[PDB]
Amino acid sequence: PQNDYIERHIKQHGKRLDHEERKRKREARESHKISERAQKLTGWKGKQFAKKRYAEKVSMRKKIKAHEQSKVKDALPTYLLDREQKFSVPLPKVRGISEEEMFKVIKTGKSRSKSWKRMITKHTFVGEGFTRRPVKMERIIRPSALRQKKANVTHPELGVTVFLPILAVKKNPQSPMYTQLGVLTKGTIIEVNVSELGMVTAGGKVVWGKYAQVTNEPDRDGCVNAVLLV
Amino acid sequence: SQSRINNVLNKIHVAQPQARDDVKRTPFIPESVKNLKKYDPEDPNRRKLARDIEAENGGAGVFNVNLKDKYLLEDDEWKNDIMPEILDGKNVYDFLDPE
Amino acid sequence: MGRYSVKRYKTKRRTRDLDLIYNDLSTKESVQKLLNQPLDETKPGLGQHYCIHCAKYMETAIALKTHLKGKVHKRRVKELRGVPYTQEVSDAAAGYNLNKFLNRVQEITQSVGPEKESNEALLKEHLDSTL
Amino acid sequence: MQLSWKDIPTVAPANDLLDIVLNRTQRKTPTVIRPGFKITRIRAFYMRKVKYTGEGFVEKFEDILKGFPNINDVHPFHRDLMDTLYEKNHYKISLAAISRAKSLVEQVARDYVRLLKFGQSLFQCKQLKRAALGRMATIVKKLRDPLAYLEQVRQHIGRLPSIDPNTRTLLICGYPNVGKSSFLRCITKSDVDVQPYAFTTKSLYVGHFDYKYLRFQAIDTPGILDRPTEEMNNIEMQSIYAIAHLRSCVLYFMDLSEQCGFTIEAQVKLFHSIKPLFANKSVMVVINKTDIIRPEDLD
Amino acid sequence: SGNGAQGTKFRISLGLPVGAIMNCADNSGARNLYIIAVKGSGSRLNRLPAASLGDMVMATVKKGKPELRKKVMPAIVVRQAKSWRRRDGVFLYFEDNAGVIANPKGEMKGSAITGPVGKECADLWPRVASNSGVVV
Amino acid sequence: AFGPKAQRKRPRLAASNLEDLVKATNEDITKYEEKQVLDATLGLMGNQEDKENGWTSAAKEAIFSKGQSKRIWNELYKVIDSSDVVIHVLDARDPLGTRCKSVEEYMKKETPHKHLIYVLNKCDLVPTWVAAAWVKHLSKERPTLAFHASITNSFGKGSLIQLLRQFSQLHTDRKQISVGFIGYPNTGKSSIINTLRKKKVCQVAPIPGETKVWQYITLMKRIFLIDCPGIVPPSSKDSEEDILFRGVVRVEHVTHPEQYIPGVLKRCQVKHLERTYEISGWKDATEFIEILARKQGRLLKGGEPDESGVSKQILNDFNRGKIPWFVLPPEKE
Amino acid sequence: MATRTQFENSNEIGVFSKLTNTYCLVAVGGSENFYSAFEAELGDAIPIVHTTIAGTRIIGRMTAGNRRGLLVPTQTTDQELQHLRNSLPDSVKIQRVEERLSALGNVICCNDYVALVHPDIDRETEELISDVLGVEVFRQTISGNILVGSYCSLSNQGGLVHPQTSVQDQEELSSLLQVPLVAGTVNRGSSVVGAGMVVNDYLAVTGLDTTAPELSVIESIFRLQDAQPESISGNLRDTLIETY
RNA sequence: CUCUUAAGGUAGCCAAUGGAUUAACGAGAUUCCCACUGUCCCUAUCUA
Ligand SMILES: Nc1nc2c(ncn2[C@@H]2O[C@H](COP(=O)(O)OP(=O)(O)O)[C@@H](O)[C@H]2O)c(=O)[nH]1
Ligand SMILES: Nc1nc2c(ncn2[C@@H]2O[C@H](COP(=O)(O)OP(=O)(O)O)[C@@H](O)[C@H]2O)c(=O)[nH]1
Ligand SMILES: [K+]
Ligand SMILES: [Mg+2]
Ligand SMILES: [Mg+2]
Ligand SMILES: [Mg+2]
Ligand SMILES: [Zn+2]
């Protein structure tokens, strides 16, 4: 068969003789079936059924509201219309993180008798030109999978988020030791490259570096989120 | 195109014989074959085929055909006769002989 | 049943049959074909140095000569002296295809036998000359 | 050539695909883990979740990508026909969006397995697995429009007639209502509908017959209006591309009774206008409807 | 019973498990065949798949043409050394194990088969029967 | 664009006229015919006809994928992350064949402060001018040092040591520097380290995978050397034959080595082969193997020559340097 | 007079049946549909016989004969031989042959007047073929192919050889057989034509998968229809050029 | 102030040889091949 052969077949032969009646009775039985499913489905399927029922009812209410609203009834230039898009920090206080949580003891030796190496369990920024220290003298371990270079920065102005490279770690509120180790936890002040935002000072200089505050826990969600400090 | 020429010639040729002897080799068609009436599936009065016999008796895999029914013997009562095979450690078949 | 007989006469370690070797020796064409073989890489001695009686390849001509000077080869030669014992002999001893067996024996004694003997004589003297 | 592309598996939309893959993870991988177990066990549990979900999405995307035809590698007749039917630009952009989603899902799975190697507790490991699955879900949700387009394309392209561009072909062409479909019905057993109104036939129809122990195919085309190519529409583009590509015997049908709605002068103008199309193709003119009026008794 | 086989196949004693090497009885240039799989094989823990006469196997050529080598191809077993029962009333066996190269439809790659072919295999495979000079 | 609610009824870019349409379609058909002829020269003669008869190429042996394990690559990235200087060890017989271009790219992109140089080892296995030309052509890209590794009779040891002293003096801010040795298996990294130490401190063997973990060696108080397991970057153009002739696989685990013997005949000079093996007169690889086996007495039970054993020994001789061969350097400009 | 049928969905008609001018032999397998396909063309004009050879079904490949004789191999039981003798009239000679090459259908290709034989058949088997089948005997190959009975299909009117048979070989074989020869396939490209079809002077039966050009060539060479000689190669040249 | 790419056509100069790629030996560690087989498919049977 070719092209719309089922539609042509219906046009040339019709449907089954009980098609309309059977479809009509199925649609009439739908109300009983929906009630039976709501009371009989169990577990995950029941929870999904209730969730979908709530969403459908919300959608119907919005459609009714829009219909009745219809039945009742920035100052951009010409080339931008018809187009779419206190010195307190936002996190003055964050959860305290102890050294027991921050560091993991690494055991060394054949019988695991030595315990002087420590591994940082959080995400870090190691800076440019990082080379690992030789393994015999490496006390602090900052593994490469937990090293970050870029962050999602939200600008309070214009409400946009951009993926910006990290320039430095300015202040980790937990400790200056974590600051100098480059630990990126919630509330850490970082320096970010803001070159693609196109900022200019009052003197005509181009801004390409500013500060931001980390607003999430990268050890929990695998990424760095920060809000720009403006 | 000269590429598909040789094989076309080789497969389009018909080999022909030429004499080699004065012996007549003529096609042989039996008289009953040449007098046979053509079978018609859509015809009320046709020969009954063995598959029709099978379908009316048991169908395929249930009908048990008798292979002795077509025997051309001197006496037709001999058709359903069991041929003995062994007699006292001897095969009957290698003693069976005219005269 | 015993290990010696099992591992010597296992079916996968079978050797050529004596009636087949008798047929190999009966005709001159078979003798020449088995005497002059193409260089085969997978046979000992590159397919040369083949004793027809024992159906056996030797690595070298000196090996073939030392083999011909042996009781094993003479045993095989003695075995190939008589009628090659087909199934016809067993059938006739049972008393079946008697005329066929007797005709075969007459043909062996009249034609096939002496021709095989002459071929064996020529083959032995050729092996003596070349070895 | 493949010549026919009915064997493409069904393309689920974005929400349905999310349901299928995520519920497959919840069903086919174990769901019970305890905070009292070894951290190695907990990490392996959540790593298996992330990896299995990633593989499910990748297998769906691969089944999509392998099934659909390669528009630039098919015979040029099929390339032009599918371009007319489905808009080649949108076709390739949708398939490329699927390919990009596949790459992003693989990257997310690899990144979060590597992170999960350093998880210290059930809470952190669970948060990392939820982050990985949520990022996969975001990627899939961004595929909503291309998936719906591709599902429509798959359903339509599975029903296209199989046309061999290198076999023996009789092309049938002319104005609407001149008898093209009627002649195809007379010479083949194709079931093309015959009606007294313009453009009953909106796609190419194929029939077959045997002449001197050879299989011939005949192509009925939608009618052609006498317009320039710039104002020619896609329905006529089907016939134009068929005539341009298929080396054949083109049969141009003429009606002298003008019951097609067109005059004899217009039909001759159409012939002389489509004259450049049948170069190095055998051409015949069939004057249909001679039971009404014959060429003998013209003016 | 395999694709291309003609009808059903009754059980025969198995003689060729995976890892066996049989001779090549056709004239396609192969010398022996190494069995790596058996078509129609069942499944049971620790049990080796094995082939009998008239079975289709997947085999590689160990000795023969390099063109035939490094390729996995179907083969049909035409002789076996393991004794098997014929329903007429005799146990019988051949001197060697032997197979012939085929395609998945069971059509012969070579043009002739040297040596006898078991009746069971010949009756199961029509192309083997057509290429056979000796049928036991 | 398409569907129940589609509004496109015309082509976006119509042909200018029917003459343009027919000419473009004729050119497209001719290009398609030529392209299909070109792919029928190879692919239909190969892969497509194998499915018709049901033939399949045998499985790729797991031995040819050695040097590509996650453990080895974890070790490699660890040594790179620890190294201030990275030495890429190349075989003087086939340096471009033994180059790790992907790792060079990654180092130039992600770690530009690490200094990457070339050491061309096994320079005693090629003629003098071949080594000179290879040093000249590789120096256009990176600093290259020709080398012969040996504890007692080496070449280039003083040059390499004074170069590492210059690197240390440049990084006087660091209290010590680390030099990591990377490259293909069996190119001689452990040998070079042993040569610099004048002591057998790293295990050396012709079998691939002799070095399995990294190893620190103190050369001077301010210079450390890091031995690394060999790596083989995956590629699609490189075949199992190329991998085998680069000395990467264990020949004793390959299935049929007689099929790789013709590559030996292609890569080696005939007079050199006949001087190495005291034979002559072969016209093909199988004849060469048979003659060598009969000379050596490598016969099996029954007089068949041991083709596989002789082929494995030949492949070992080629890789271990008992047969002279080299790849010509690029032409002088 | 070329018909198409299958034996239990097999296109190998010549494997499972034997057709001469005066009798037809069929395998016993399953229903009576194969027998009835032959009976629809032959009626009661010649005997159509159900038979087994060594308890097998491959009877066209196990036996050879013509309108005067029928040769069965040494594996035939006394009971099968007796059943064949009871079914056929005395005008057909029936002989059991002691030959090593027991696939007589594969190793003998014959008609009422001549026979091609495998080059290694016995002298006694050749004399028996000459005496019982009543034909001249020639030791031959079809372009290097032994198994002439499976790689050639022959009648008194014409012959079909496998399509890789050269022109010179065709000419020499046609002179030996004194019938016109053509090269072709059967059953949609099969080269084993003798095992693919059966034919006599007034009937040919091939598999269902035989294409219309192959069937037209078969009818032409065997002169099956009333006005269809072997000289319509010129009339079918266009179809054969398009097909080949 | 200066430093490295001058070396060229399948084996060179320079001092038989240019070597630890060391023969032999070894209840030393390791890989593979032939032969061989109840290690196994898949277990059966006999003696004390
Ligand atoms: N009198 C007459 N009318 C015809 C003939 N062929 C077609 N028609 C009529 O013409 C109308 C359109 O024919 P159709 O096959 O749809 O032409 P198409 O539009 O070119 O495919 C139908 O209503 C037919 O009844 C013919 O040969 N004679
Ligand atoms: N002739 C020669 N052989 C060498 C040289 N360097 C190394 N080899 C040999 O090549 C083989 C592999 O050496 P190895 O140090 O283990 O290479 P690795 O895998 O990179 O560590 C050893 O047998 C060495 O003796 C050299 O400069 N010349
Ligand atoms: K090594
Ligand atoms: Mg129409
Ligand atoms: Mg097991
Ligand atoms: Mg090493
Ligand atoms: Zn002897």
Side-chain angles (χ1 to χ4, degrees), chain C residues 1 3 6-7 10 12-13, chain E residues 14-20 35 38 41-42 44-51 82, chain F residues 63 66 92-93 117-118 120 122-146 148-155 159 162-163 166 186 188 191 194-195 198-200 203-210 249-257 267-273 275 293 297-313 315-317 319-333:
Chain C
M1 201 291 303
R3 202 172 71 263
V6 160
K7 71 185 183 293
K10 250 173 201 311
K12 74 183 181 181
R13 291 160 186 182
Chain E
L14 307 168
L16 295 174
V18 157
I35 292 158
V38 184
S41 168
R44 179 53 167 82
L45 181 73
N46 304 308
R47 181 167 297 159
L48 299 190
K82 175 67 201 306
Chain F
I63 178 66
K66 295 292 234 157
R93 296 170 302 167
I117 63 173
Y118 288 141
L120 195 76
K122 299 182 184 182
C123 273
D124 61 314
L125 297 196
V126 307
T128 306
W129 61 270
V130 178
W134 274 121
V135 160
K136 174 182 62 181
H137 280 76
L138 296 166
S139 288
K140 290 177 188 44
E141 298 188 292
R142 297 191 171 280
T144 306
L145 194 77
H148 170 23
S150 169
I151 282 174
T152 67
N153 303 84
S154 65
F155 179 86
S159 308
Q162 63 97 36
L163 187 53
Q166 292 172 60
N186 286 320
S191 285
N194 289 343
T195 296
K198 214 181 184 306
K199 189 185 178 175
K200 187 175 65 185
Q203 295 185 337
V204 167
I207 55 190
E210 190 61 27
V249 293
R250 300 191 192 179
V251 188
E252 300 79 8
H253 292 272
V254 325
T255 288
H256 276 335
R267 282 171 180 80
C268 288
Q269 289 292 281
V270 175
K271 40 184 281 206
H272 298 164
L273 280 156
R275 285 164 174 195
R298 303 269 64 90
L299 294 316
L300 298 174
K301 201 153 303 183
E304 162 67 32
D306 189 6
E307 316 285 331
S308 281
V310 170
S311 304
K312 280 176 183 174
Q313 191 49 55
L315 293 168
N316 279 331
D317 292 313
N319 280 320
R320 295 168 181 180
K322 286 156 183 299
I323 315 181
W325 64 272
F326 57 94
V327 176
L328 280 180
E331 304 287 344
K332 46 181 181 180
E333 194 67 41

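Computed over heavy atoms, backbone and side chain alike; hydrogens, waters and symmetry mates excluded. Quick note on labels: first sequence line is chain A, next is B, and so on, each numbered from 1.
Contact annotation for F:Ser308: no contact, since no heavy-atom pair falls under 4.0 Å across all strands. Note on F:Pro329: a base of the nucleic acid sits closer than 4.0 angstrom, heavy atoms only.
Both F:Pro324 and E:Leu45 sit near RNA chain H, but only F:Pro324 has its closest nucleotide nearer the 5' end.
Spacing between atom CD of F:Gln162 and atom P of H:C3 amounts to 15 Å, rounded to whole angstrom units. Atom CH2 in F:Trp325 sits about 15 Å away from atom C1' in H:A11, given to the nearest Å. Computed from coordinates, the C:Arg3 CZ to H:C46 P distance equals 20 Å when rounded to whole Å. If you take NE2 of F:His137 and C1' of H:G9, they are 14 Å apart, rounded to a whole angstrom.
A Watson-Crick or G-U wobble pair links H:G18 with H:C14, both defining distances under 3.5 Å.
H:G12 sits 13 Å from H:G18 when the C1' atoms are compared, rounded to a whole Å. A gap of 13 Å separates the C1' atoms of H:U45 and H:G38, to the nearest Å. As rounded to the nearest Å, H:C42 and H:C46 have P atoms that lie 22 Å from one another. Of the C1' atoms belonging to H:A24 and H:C32, the separation is 24 Å, rounded to the nearest Å.
In this structure, F:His272 reaches the H:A11 phosphate: one of its side-chain N or O atoms is under 4.0 Å from OP1 or OP2. Applying the 4.0 Å criterion to OP1 and OP2 of H:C36, one finds that C:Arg13 has a side-chain N or O inside that range. OP1 or OP2 of H:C42 sits under 4.0 Å from a side-chain N or O of E:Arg47. Put simply, F:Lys271 has a side-chain N or O that comes within less than 4.0 Å of OP1 or OP2 on H:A11.
Evaluation of the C1'-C2'-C3'-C4' torsion of H:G28 gives a positive value and hence a north sugar. From the dihedral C1'-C2'-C3'-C4', which is positive here, one reads the pucker of H:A24 as north, toward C3'-endo.
Checked by atom type and distance alone, the side chain of F:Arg93 never pairs as donor or acceptor with a backbone atom of F:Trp325 at under 3.5 Å. At distances below 3.5 Å, not a single donor-acceptor pair connects side-chain atoms of F:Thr152 with backbone N or O atoms of F:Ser150. Side-chain atoms of F:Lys312 come within 3.5 Å of backbone N or O of F:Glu252 as a donor-acceptor pair.
Remark: the F:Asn186 side chain and the F:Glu210 side chain contain no N/O donor-acceptor pair separated by less than 3.5 Å.
Base stacking is present between H:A29 and H:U30; both the centre distance of their six-membered rings (under 5.5 Å) and the plane angle (under 30°) fall inside the limits.
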